[PDB]
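For reference, the structure is listed below as structure tokens.
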Amino acid sequence: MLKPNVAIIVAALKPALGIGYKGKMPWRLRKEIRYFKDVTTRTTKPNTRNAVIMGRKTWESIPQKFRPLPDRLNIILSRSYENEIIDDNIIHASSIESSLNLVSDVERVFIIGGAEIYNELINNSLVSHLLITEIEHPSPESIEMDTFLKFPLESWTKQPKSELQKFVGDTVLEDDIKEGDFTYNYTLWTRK
Ligand SMILES: NC(=O)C1=CN([C@@H]2O[C@H](COP(=O)(O)OP(=O)(O)OC[C@H]3O[C@@H](n4cnc5c(N)ncnc54)[C@H](OP(=O)(O)O)[C@@H]3O)[C@@H](O)[C@H]2O)C=CC1
Ligand SMILES: COc1cc([C@@H](C)C#Cc2c(C)nc(N)nc2N)c(OC)cc1-c1ccccc1
Numbered sequence: 001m002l003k004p005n006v007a008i009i010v011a012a013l014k015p016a017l018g019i020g021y022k023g024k025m026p027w028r029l030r031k032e033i034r035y036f037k038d039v040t041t042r043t044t045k046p047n048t049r050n051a052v053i054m055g056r057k058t059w060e061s062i063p064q065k066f067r068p069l070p071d072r073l074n075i076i077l078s079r080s081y082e083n084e085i086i087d088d089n090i091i092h093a094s095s096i097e098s099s100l101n102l103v104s105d106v107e108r109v110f111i112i113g114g115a116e117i118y119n120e121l122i123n124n125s126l127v128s129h130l131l132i133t134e135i136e137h138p139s140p141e142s143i144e145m146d147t148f149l150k151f152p153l154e155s156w157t158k159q160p161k162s163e164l165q166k167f168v169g170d171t172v173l174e175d176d177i178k179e180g181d182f183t184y185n186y187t188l189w190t191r192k
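So in the entry's author numbering, spot 138 of the sequence shown is number 138, and the numbers just go up one at a time.
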């Protein structure tokens with residue numbers, strides 16, 4: 001692919017946009033996980049797939065039996081990786097852009113974590129879309145958190161729901177989804 005449009009997909013706790021604690025996610029939101037699966041997997045035309053790109057630490061944190069994430073081309077970035085096509089589902093590379101130069105028959109490209117990767121690529125002009133699950137909690141300070149998004153959202157525009165719906169096709173978007181003490185909403189952002 002040449003100059004693909006890329007989407008960041010992430011779930012973060014407002015207002016500080018925390019996304020992790022000591023290498024783990026600070027929640028397990030079952031509908032959110034299913035949303036992540038559906039959006040990263042779905043294609044708009046047949047006989048294509050999407051790519052998911054992640055940092056080496058996030059890859060290693062997926063239990064080895066459940067990686068690669070099924071039905072998507074998985075790309076793993078490490079500063080120690082030379083370019084290598086491991087198999088039809090796994091690519092090793094050292095830049096998002098060079099990894100995608102190696103690829104054909106891919107529709108959408110999603111960045112799926114983690115914090116270091118997100119915080120670099122937010123300032124990469126290939127990234128055109130942010131799919132942010134905005135999570136709220138009555139006492140967010142009580143949530144164990146040490147890892148945060150650094151997203152300059154002043155340069156971004158949160159789109160109306162109709163734009164997110166168009167992006168996700170027939171995927172059902174429930175509003176104010178509650179699981180335990182967490183309430184969340186799916187959002188779409190584009191560059192100003
Ligand atoms: N809430 C959410 O939606 C999500 C949250 N997370 C959270 O993120 C946290 C993990 O993130 P983090 O620890 O930062 O790890 P990352 O998954 O971001 O991996 C960081 C690694 O990626 C590689 N890397 C980073 N930048 C580059 C570059 N420019 N070129 C090549 N390789 C690069 C490096 O690998 P190497 O060291 O091998 O060089 C680096 O050590 C966890 O707490 C997890 O819970 C993760 C996904 C989703
Ligand atoms: C979907 O499953 C996983 C997803 C992840 C990461 C890649 C993620 C994510 C993610 C989610 C859940 N929602 C959103 N909105 N964006 C994301 N990037 C993971 O990180 C170590 C681990 C798992 C995982 C998979 C199988 C078993 C256990 C954990």
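The C-beta atom is built at its ideal place from N, Cα and C for all residues, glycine as well.
**Prompt:** Just curious, the beta strand (DSSP E) that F36 is in, first and last residue?
**Reply:** No beta strand (DSSP E) contains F36, which is instead part of the alpha helix (DSSP H) from 30-41.
**Asked** Just curious, the alpha helix (DSSP H) that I117 is in, first and last residue?
**Response** Its alpha helix (DSSP H) spans residues 115-121.
**Asked** Exposed or buried, which one is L153 when buried takes at least 16 other CB atoms within 10 Å?
**Response** By the 10 Å Cβ count, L153 comes out exposed.
**Message:** Contact defined as beta carbons within less than 8 Å: I believe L121 pairs with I111. What is the distance between those atoms, to the nearest angstrom?
**Reply:** Contact annotation, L121 with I111: C-beta distance approximately 6 Å; criterion of less than 8 Å satisfied.
**Message:** Short of 6 Å in beta carbon distance, which residues of its chain neighbour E163, apart from the five on each side in sequence? Order them along the chain.
**Reply:** Answer for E163: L188, listed in chain order.
**Message:** So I75 and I53 are supposed to be a Cβ contact under 8 Å. How far apart are they, rounded?
**Reply:** That pair is a contact at about 4 Å.
**Asked** Which of helix, strand or coil does DSSP assign to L188?
**Response** It is a strand residue.
**Item:** Three-state secondary structure (DSSP) of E97
**Value:** Here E97 carries a helix assignment [DSSP, helix/strand/coil].
**Asked** Excluding the five sequence neighbours on either side, which residues of its own chain have a C-beta within less than 6 Å of the C-beta of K14, listed in chain order?
**Response** Excluding positions up to five away in sequence, the list reads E134, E136.
**Message:** When you measure from the CB of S78 to every non-hydrogen atom of ligand 1, does any distance come out below 7 Å?
**Reply:** True, at least one ligand heavy atom lies under 7 Å from that Cβ.
**Item:** First through last residue of the alpha helix (DSSP H) which encompasses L131
**Value:** First-last for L131: 127-136, but that is the beta strand (DSSP E), not the alpha helix (DSSP H).
**Message:** I need the DSSP call for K178, collapsed to helix, strand or coil.
**Reply:** Looking at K178 - three-state DSSP - the assignment turns out to be strand.
**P68 beta carbon less than 8 Å from that of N83** = For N83 and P68, no; Cβs fall outside 8 Å.
**Asked** Is the beta carbon of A51 sitting closer than 8 Å to the one on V106?
**Response** With a cutoff of 8 Å on beta-carbon distance, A51 and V106 are scored as near each other.
**Prompt:** Is any heavy atom of ligand 1 found at a distance shorter than 7 Å from the C-beta of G169?
**Reply:** Incorrect: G169 has no Cβ contact closer than 7 Å to ligand 1.
**Cβ neighbours of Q159 in the same chain (closer than 7 Å, five flanking residues each side left out)** = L188, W189, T190.
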